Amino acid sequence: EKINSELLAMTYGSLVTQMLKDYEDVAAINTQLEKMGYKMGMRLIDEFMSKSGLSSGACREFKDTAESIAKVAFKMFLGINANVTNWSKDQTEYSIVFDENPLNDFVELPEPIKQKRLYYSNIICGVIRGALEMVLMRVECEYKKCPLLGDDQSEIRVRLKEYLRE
């Protein structure tokens, strides 16, 4: 709902504001926002699985995670419609692109923060990594494009590092 989405956006906005006071190094902020999401995603995967109706085999292959994240997870948690593009030939990498992001609403980065490329929503990358670890996939996930930095759309890259064994 819009009001709960506004409330989440403002809460996360308070977090990023706090990080900008507590850290002088934007790279450090990016790293900690991602580590914060990582812990969340390990806990969020259970809510996603139950409320999505997906089975374990919907998560057997790395290739399958693109549609689940872009078409289900993004709508469920952020109300965003995302698309999958830029597949690698070996299908170990894909990009998730989207033109809207409720966390970005009413946000304006000061010029030095833009030039140093803060990824305001970097927490999303951590959530993906932590969630996918729980279905036994170790991935790297990083932002490449964000309209707050003057880019034409948002793009997040997801790369498979290894399949895990329990």
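Note that residue numbering begins at 1 and tracks the sequence as displayed.
| For the C-alpha atoms alone, is the average B factor greater in 107 to 115 or in 134 to 142, going by the entry? | Per the deposited B-factors, the answer is 107 to 115.
| said: Please compare 38 to 46 with 54 to 62 and say which has the higher mean C-alpha temperature factor in the record. | reply: Per the PDB record, 54 to 62.
| query | Hey, what third does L8 fall into on Cα B-factor, ranked over its chain? | reply | For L8, whose C-alpha B-factor we compare with every modelled residue in the chain, the answer is the middle third.
| said: Taking only the Cα B-factors deposited for this chain, tell me whether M76 sits in the lowest, middle or highest third. | reply: Its C-alpha B-factor, which the entry lists for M76, ranks in the highest third among residues of this chain.
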